[PDB]
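Student: Just dropping this structure here.
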Amino acid sequence: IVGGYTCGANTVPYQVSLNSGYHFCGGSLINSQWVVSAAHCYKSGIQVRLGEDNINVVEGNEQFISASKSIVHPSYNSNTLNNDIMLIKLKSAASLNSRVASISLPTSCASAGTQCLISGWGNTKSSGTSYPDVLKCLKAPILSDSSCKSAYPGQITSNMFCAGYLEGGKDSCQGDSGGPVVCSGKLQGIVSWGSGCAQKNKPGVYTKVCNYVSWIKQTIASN
Ligand SMILES: N=C(N)c1ccc(/N=N/Nc2ccc(C(=N)N)cc2)cc1
Ligand SMILES: [Ca+2]
């Protein structure tokens with residue numbers, strides 16, 4: 001997260017770190033057994049790390065639970081990043097309370113203008129690289145589809161939305177991928193892609209979670 005702020009330990013209780021020997025992506029806990037992340041975060045041998053603030057220090061609220069399976073969206077296209085969504089099932093149910101909590105799936109797609117909270121342990125620099133230890137947060141509005149498409153001609157599908165700031169300076173970034181965009185207490189987005197980070201007129205592009213609720217629910221119901 002570029003131009004964000006330190007969330008505060010466990011203030012984003014549904015934020016998970018996907019770990020394969022190191023943090024490589026974010027994810028969002030959507031029930032005790034399931035995490036939503038970006039399909040482009042897919043890899044085998046994922047350990048989901050919940051309860052985590054400083055990802056480099058055991059601070060006492062972590063739950064580390066290996067994935068038992070991952071399910072990449074049937075229509076995920078890694079070239080276009082269309083349908084950049086996956087589900088990761090935990091081998092065991094996470095223990096839920098205030099510091100580790102699922103985030104509700106949306107009942108309806110959020111609108112351009114809605115403020116959201118985007119979070120992750122990704123790069124905090126637009127130029128060069130600095131990875132934070134602790135979870136970073138960014139409040140960012142959903143951008144209109146038109147501005148999103150204008151920013152990224154020929155690239156924005158109905159399964160994507162832009163959020164952030166056209167002026168740049170504030171954005172998700174590499175390592176935030178797969179993490180949440182939560183708006184009004186609902187997971188509306190998944191950190192998906194963008195051209196660099198916090199660049200002018202290159203806002204973050206997010207998987208439009210509301211499009212996937214049926215798929216998420218039915219997948220969970222049968223897996
Ligand atoms: N909001 C941003 N600017 C932004 C946020 C996250 C981000 N990271 N994604 N990285 C990323 C890495 C690999 C793939 C792939 N295997 N095809 C896709 C995307 C890149 C840009
Ligand atoms: Ca930790």
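For the structure tokens, the naming scheme is as follows: chains receive sequential letters (A, B, ...) according to their order of presentation, residues are indexed from 1 within each chain, and ligands are indexed from 1 in presentation order.
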Can you pull out every residue within 9 Å of range 45-51 of chain A, counting only C-alpha atoms, but drop anything in the same chain fewer than 5 positions away, and send it as a ChimeraX atom specification?

Tutor: /A:9-10,12-21,23,27,29,35,60-70,88,90,94,99-101

Student: Check which residues of chain A sit at most 6 Å from ligand 2 using only C-alpha atoms and all ligand atoms, and return one row each with the closest pair of atoms and their distance in Å to one decimal, ordered by chain and rising number, as CSV.

Tutor:
residue,atom,partner,partner_atom_place_in_ligand_line,distance
A:52,CA,ligand 2,1 (Ca),4.6
A:53,CA,ligand 2,1 (Ca),5.3
A:54,CA,ligand 2,1 (Ca),4.4
A:55,CA,ligand 2,1 (Ca),4.2
A:56,CA,ligand 2,1 (Ca),5.6
A:57,CA,ligand 2,1 (Ca),4.4
A:58,CA,ligand 2,1 (Ca),4.1
A:59,CA,ligand 2,1 (Ca),5.0

Student: Excluding residue 136 in chain A and residues on its chain fewer than 5 positions from it, collect all residues at most 9 Å away from it, counting only C-alpha atoms, and give them as a ChimeraX atom specification.

Tutor: /A:1-2,4-8,118-122,124

Student: Could you write out the selected residues, including N, CA and C atoms, as an mmCIF file, in the first residue's frame?

Tutor:
data_model
loop_
_atom_site.group_PDB
_atom_site.id
_atom_site.type_symbol
_atom_site.label_atom_id
_atom_site.label_comp_id
_atom_site.auth_asym_id
_atom_site.auth_seq_id
_atom_site.Cartn_x
_atom_site.Cartn_y
_atom_site.Cartn_z
ATOM 1 N N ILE A 1 0.872 -1.203 0.000
ATOM 2 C CA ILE A 1 0.000 0.000 0.000
ATOM 3 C C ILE A 1 0.887 1.225 0.000
ATOM 4 N N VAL A 2 0.699 2.048 -1.021
ATOM 5 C CA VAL A 2 1.427 3.287 -1.152
ATOM 6 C C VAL A 2 0.543 4.418 -0.660
ATOM 7 N N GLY A 4 -0.623 5.000 2.262
ATOM 8 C CA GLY A 4 -1.629 4.607 3.231
ATOM 9 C C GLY A 4 -1.174 4.916 4.632
ATOM 10 N N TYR A 5 -1.733 4.180 5.575
ATOM 11 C CA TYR A 5 -1.398 4.395 6.957
ATOM 12 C C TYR A 5 -1.315 3.038 7.617
ATOM 13 N N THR A 6 -0.652 2.991 8.754
ATOM 14 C CA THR A 6 -0.606 1.770 9.535
ATOM 15 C C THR A 6 -1.992 1.479 10.095
ATOM 16 N N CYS A 7 -2.559 0.328 9.738
ATOM 17 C CA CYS A 7 -3.939 0.030 10.119
ATOM 18 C C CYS A 7 -4.092 0.035 11.616
ATOM 19 N N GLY A 8 -3.106 -0.562 12.268
ATOM 20 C CA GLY A 8 -3.213 -0.905 13.666
ATOM 21 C C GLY A 8 -3.410 -2.400 13.754
ATOM 22 N N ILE A 118 -8.691 -0.494 1.757
ATOM 23 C CA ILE A 118 -7.843 -1.420 1.049
ATOM 24 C C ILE A 118 -6.657 -1.635 1.964
ATOM 25 N N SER A 119 -6.211 -2.871 2.069
ATOM 26 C CA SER A 119 -5.179 -3.141 3.038
ATOM 27 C C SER A 119 -4.258 -4.216 2.543
ATOM 28 N N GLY A 120 -3.057 -4.228 3.101
ATOM 29 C CA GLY A 120 -2.106 -5.246 2.727
ATOM 30 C C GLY A 120 -0.704 -4.933 3.181
ATOM 31 N N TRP A 121 0.173 -5.898 2.930
ATOM 32 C CA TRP A 121 1.562 -5.798 3.337
ATOM 33 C C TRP A 121 2.442 -5.538 2.133
ATOM 34 N N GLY A 122 1.847 -5.019 1.071
ATOM 35 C CA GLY A 122 2.586 -4.822 -0.144
ATOM 36 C C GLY A 122 3.502 -3.617 -0.083
ATOM 37 N N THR A 124 5.283 -0.179 -0.231
ATOM 38 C CA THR A 124 4.745 1.117 0.153
ATOM 39 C C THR A 124 5.312 2.237 -0.700
#

Student: Can you work out which residues are within 6 Å of ligand 1, considering only C-alpha atoms and all ligand atoms, and then hand them over as a ChimeraX atom specification?

Tutor: /A:40,78,171-174,176-177,191-198,203-205

Student: Rank nothing, just name the residue among A:32, A:159, A:123, A:184 nearest to residue 93 in chain A, using only C-alpha atoms.

Tutor: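 Ranking A:32, A:159, A:123, A:184 by distance to residue 93 in chain A, first place goes to A:32.
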
Student: Restricting the calculation to only C-alpha atoms: of A:208, A:73, A:217, A:125, which residue gets closest to residue 86 in chain A?

Tutor: A:73
